[PDB]
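Worksheet: one structure, shown below.
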Amino acid sequence: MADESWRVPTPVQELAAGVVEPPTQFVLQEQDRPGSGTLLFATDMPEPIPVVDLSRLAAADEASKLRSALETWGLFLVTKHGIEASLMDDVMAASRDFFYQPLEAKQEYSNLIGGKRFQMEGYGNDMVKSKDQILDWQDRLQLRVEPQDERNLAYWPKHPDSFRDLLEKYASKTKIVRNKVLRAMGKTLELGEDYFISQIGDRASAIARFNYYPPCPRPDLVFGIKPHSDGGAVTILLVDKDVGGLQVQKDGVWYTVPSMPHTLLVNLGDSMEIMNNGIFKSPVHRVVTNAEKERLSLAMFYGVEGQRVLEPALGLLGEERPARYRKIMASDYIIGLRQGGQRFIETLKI
Ligand SMILES: O=C(O)CCC(=O)C(=O)O
Ligand SMILES: [Co+2]
């Protein structure tokens, strides 16, 4: 009937080889470009830089840093998070080893069912919904890590042969970090330390996303990953070798997210914004490319169980305090998120 072979994009790592212009499907309209047309993409983030010593989170001055960071930016760097540098280095080395393999080897894990049907899990790109869609300058391998009995290990790279063990160990380590952050948030919001852990639920999704950003000859014309907020409750992000690129939006201004060696980045998701009545909000963020080197990151997305109603916590609505978000089942929120200027969560504000 009709040819829709534009739904099947070639990996950017291939398209980026040796080019001096970005192919047209990556080029943003002038007013949408990182510097809107200029070479100045972002402002340096002002002090105090949002940094949280996770081992000292029970101390009041550290809790005050976490609260200040979440109010101001919706994210923070974490130090002393309990994840050994050797394991952070190895999981990102395993990722680099996978992306460096031949296209043939990587497409054995393709997220294009039968070579044509997008699904989220596997190696490739995000869904192409229309011919005129501007694509991001990245590829990604995305894997469902939790619940354990829902994993499809056929999409997990078999080479290098320690990829699976490294990801499993790392994910179990980021779950500890997740819970420590969530307990500190329940405490500062006076909701109980286990409030958000229980809202999220024992079988909640945890998804690993290994991002690969090839060098781009014209970083002013494309996004490595387009402006967005994460949809779940909390994201724990690891950037290999702290290569720059990540930026965060605040009051319409884009700020470079600074790096610290051996740290992780925690950012809130939209589901958390609703659950906490907007006290802390989900930050809009993006990745700009560079001309010199590839950039690798690993995001651990912690979602909320699908049938949980997302709604402002009851403890935040005492004393006739008004709800600022309509309620919505978590699976319904994700569905609305994947629909096509205005972010979906704006439709829920009251
Ligand atoms: O690569 C990064 O630093 C950001 C990744 C990100 O925003 C995402 O995968 O949702
Ligand atoms: Co993100």
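Residue numbers (the deposited numbering): 1 to 340, 344 to 353.
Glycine included, each C-beta is placed from N, C-alpha and C at the ideal position.
With distances taken Cα to Cα, identify the nearest neighbour of residue i among the options.
{"i": "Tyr-109", "options": "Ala-60, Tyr-123, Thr-188", "result": "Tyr-123"}
{"i": "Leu-28", "options": "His-262, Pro-312, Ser-271, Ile-225", "result": "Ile-225"}
{"i": "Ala-330", "options": "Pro-312, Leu-316, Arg-321, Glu-292", "result": "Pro-312"}
{"i": "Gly-252", "options": "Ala-16, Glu-4, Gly-35", "result": "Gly-35"}
{"i": "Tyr-195", "options": "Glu-320, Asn-276, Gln-339, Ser-130", "result": "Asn-276"}
{"i": "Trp-137", "options": "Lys-281, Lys-352, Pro-23", "result": "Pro-23"}
{"i": "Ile-328", "options": "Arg-346, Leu-316, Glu-319, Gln-307", "result": "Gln-307"}
{"i": "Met-300", "options": "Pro-160, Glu-292, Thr-235, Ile-353", "result": "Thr-235"}
{"i": "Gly-278", "options": "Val-266, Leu-317, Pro-261", "result": "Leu-317"}
{"i": "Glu-104", "options": "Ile-176, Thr-10, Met-92", "result": "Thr-10"}
{"i": "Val-8", "options": "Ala-154, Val-177, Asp-139", "result": "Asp-139"}
{"i": "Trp-156", "options": "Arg-164, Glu-150, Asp-149", "result": "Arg-164"}
{"i": "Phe-76", "options": "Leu-166, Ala-17, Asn-179, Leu-54", "result": "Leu-54"}
{"i": "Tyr-255", "options": "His-81, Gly-114, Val-287, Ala-58", "result": "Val-287"}
{"i": "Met-92", "options": "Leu-167, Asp-61, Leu-66, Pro-147", "result": "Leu-167"}
{"i": "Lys-293", "options": "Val-248, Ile-134, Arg-218, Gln-101", "result": "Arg-218"}
With DSSP run on the structure shown, which of helix, strand or coil describes residue i?
{"i": "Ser-331", "result": "helix"}
{"i": "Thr-188", "result": "helix"}
{"i": "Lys-352", "result": "strand"}
{"i": "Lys-226", "result": "strand"}
{"i": "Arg-33", "result": "coil"}
{"i": "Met-300", "result": "strand"}
{"i": "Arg-164", "result": "helix"}
{"i": "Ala-291", "result": "coil"}
{"i": "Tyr-155", "result": "helix"}
{"i": "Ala-206", "result": "strand"}
{"i": "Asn-125", "result": "coil"}
{"i": "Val-181", "result": "helix"}
{"i": "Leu-15", "result": "helix"}
{"i": "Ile-176", "result": "helix"}
{"i": "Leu-54", "result": "helix"}
{"i": "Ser-110", "result": "strand"}
{"i": "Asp-251", "result": "coil"}
{"i": "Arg-140", "result": "strand"}
{"i": "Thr-256", "result": "strand"}
{"i": "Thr-38", "result": "strand"}
{"i": "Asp-44", "result": "strand"}
{"i": "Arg-67", "result": "helix"}
{"i": "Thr-235", "result": "strand"}
Could you check if residue i belongs to the surroundings of ligand 1, using beta carbon to heavy atom distance under 7 Å?
{"i": "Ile-113", "result": "no"}
{"i": "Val-288", "result": "no"}
{"i": "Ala-184", "result": "no"}
{"i": "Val-239", "result": "yes"}
{"i": "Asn-276", "result": "no"}
{"i": "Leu-337", "result": "no"}
{"i": "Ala-299", "result": "yes"}
{"i": "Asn-211", "result": "yes"}
{"i": "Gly-122", "result": "no"}
{"i": "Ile-348", "result": "no"}
{"i": "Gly-245", "result": "yes"}
{"i": "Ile-334", "result": "no"}
{"i": "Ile-83", "result": "no"}
{"i": "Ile-49", "result": "no"}
Within the present structure, is the beta-carbon of residue i separated from the nearest heavy atom of ligand 2 by less than 7 Å?
{"i": "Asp-230", "result": "yes"}
{"i": "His-285", "result": "yes"}
{"i": "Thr-174", "result": "no"}
{"i": "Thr-235", "result": "yes"}
According to the neighbour-count rule (16 or more other Cβ atoms, all chains shown, within 10 Å of its Cβ), is residue i buried or exposed?
{"i": "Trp-6", "result": "exposed"}
{"i": "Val-19", "result": "exposed"}
{"i": "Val-309", "result": "exposed"}
{"i": "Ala-204", "result": "buried"}
{"i": "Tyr-333", "result": "buried"}
{"i": "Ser-229", "result": "buried"}
{"i": "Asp-44", "result": "exposed"}
{"i": "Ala-69", "result": "buried"}
{"i": "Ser-297", "result": "buried"}
{"i": "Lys-158", "result": "exposed"}
{"i": "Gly-186", "result": "buried"}
{"i": "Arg-117", "result": "exposed"}
{"i": "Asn-152", "result": "exposed"}
{"i": "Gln-142", "result": "buried"}
{"i": "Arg-56", "result": "exposed"}
{"i": "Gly-303", "result": "buried"}
{"i": "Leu-66", "result": "buried"}
Give the C-beta separation of residue i and residue j to the nearest angstrom, bearing in mind that I take them to be a contact with Cβ-Cβ under 8 Å.
{"i": "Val-12", "j": "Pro-215", "result": "The pair is not a contact, with the Cβ atoms about 10 Å apart (cut-off 8 Å)."}
{"i": "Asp-270", "j": "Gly-231", "result": "5 Å"}
{"i": "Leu-237", "j": "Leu-264", "result": "6 Å"}
{"i": "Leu-246", "j": "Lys-169", "result": "Not a contact, Cβ separation roughly 24 Å."}
{"i": "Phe-26", "j": "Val-222", "result": "5 Å"}
{"i": "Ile-207", "j": "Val-145", "result": "6 Å"}
{"i": "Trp-73", "j": "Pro-46", "result": "With a Cβ gap of about 10 Å, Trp-73 and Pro-46 do not count as contacting."}
{"i": "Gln-119", "j": "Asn-125", "result": "Wrong, their Cβ atoms sit about 12 Å apart, outside the cutoff."}
{"i": "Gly-344", "j": "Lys-129", "result": "In fact, because the Cβ distance is near 15 Å, the residues do not count as touching under 8 Å."}
{"i": "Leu-182", "j": "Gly-315", "result": "15 Å between Cβ atoms; not a contact."}
I want to check one thing, is the minimum distance from the CB of residue i to the heavy atoms of ligand 4 below 7 Å?
{"i": "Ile-207", "result": "By its list of ligands, the structure shown excludes ligand 4, since it contains just ligand 1 and ligand 2."}
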